[PDB]
Each structure stands twice: as structure tokens, then as C-alpha cells.
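Enquirer: could you work out the structure for the sequence below:
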Amino acid sequence: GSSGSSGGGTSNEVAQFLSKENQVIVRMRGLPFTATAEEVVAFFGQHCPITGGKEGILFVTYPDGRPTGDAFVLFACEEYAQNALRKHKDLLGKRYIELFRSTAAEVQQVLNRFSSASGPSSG
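Expert: Numbering: from 1, shown residues only. Sure, the structure comes next:
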């Protein structure tokens, strides 16, 4: 009997994503249903390279298998993350996207809320 549903909202994939220390996480919202890790890599790959690229990206998806729209990216230091923030309200493939420097803890709270949603409304 191994626990998983109740006891720390962190998947195997996330572990590695959060396992990265000294990195600036970015909360991406409003991402094209078609936009994938590959799309991001280039998005910031311009001047703001991601740590591991496809490996340094996490797409938040409902506990059923649906694109929630929100996501998270990894950045070596604040030198890249910041420069990326300026891209706020960017445009990828004809789709406006926001940007906000997020933290590790926050992320987890953003995954649990969507995972096994207990509302899904928050009261």
C-alpha cells in the first residue's frame, strides 16, 4: 500500500522540476491549447534561455487530462527571468500570454488546487 493522492501534492515529474535549486520559476497563464514545451523553449530561448529547455518546463493539466492553460518555467537566475517578464502580454502564434515570476512553494499550491479539485471553487 503506497500513498500518493493524500500526502504531498508533488508528482514524479514535478520533483525534478522543483529539485532545481537557485532557479526563478515563472507562472505562465493563457497559453495556446496547441502551445507545448517546444513552443516555450523558443519563446524565451531568444534572450532568456530555460534551464534544460523542454526539461525545465511544466504544463499544468487537469487531473483528468485537460490543458488548464497555466504552466511553469525554470530560469537559471533572475538575469533571465526578469528579462523575460518584460515580455508580459507577449504574442505567440496569435495568442496573448501573461508572465509573472513565481516561487517553488506557490507552484505546488497551483498544482494541488487544480489536482483533485475539491470544488473546484474555493468557497
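Enquirer: so is residue 14 in a helix, a strand, or just coil?
Expert: helix (DSSP: H, G, I helix; E, B strand; the rest coil).
Enquirer: that one contacts residue 58, correct?
Expert: Yes - here residue 14 reaches residue 58: they are 6.6 Å apart, a contact under CB atoms under 8 Å. For the C-beta atoms, the positions are set from N, CA and C on the backbone; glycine is no exception.
Enquirer: between the two, what contacts are shared?
Expert: Residues touching both residue 14 and residue 58 (CB atoms under 8 Å, 6 or more residues apart in numbering) are residue 107.
Enquirer: who has more neighbours, those two?
Expert: residue 58 (23 against 15; other CB atoms under 10 Å).
Enquirer: scan this protein for its longest helix.
Expert: helix 104-114 (DSSP state H).
Enquirer: give me the buried positions along that helix.
Expert: Going by neighbour count (16 or more other CB atoms under 10 Å), the buried part of helix 104-114 is 107, 110, 111, 113, 114.
Enquirer: next one: stretch 41-52
Expert: 41, 43, 44, 48, 50, 51.
Enquirer: please apply the same query to stretch 68-87.
Expert: Neighbour-count burial for stretch 68-87 flags 68-76, 80-81, 84, 87 (criterion: 16+ other CB under 10 Å).
Enquirer: quick check: buried residues in stretch 22-32?
Expert: Judged by neighbour count using 16+ other CB under 10 Å, the buried positions of stretch 22-32 are 23, 24, 25, 26, 27, 28, 31.
Enquirer: quick one: contacts for the residue nearest to the spatial centre of the chain?
Expert: Closest residue to the average C-alpha location of the chain: residue 72 at 1.3 Å, with CA atoms, centre = their mean. Applying CB under 8 Å, 6+ apart, we find residue 72 in contact with 17, 25, 26, 27, 28, 57, 58, 60, 102, 107, 110.
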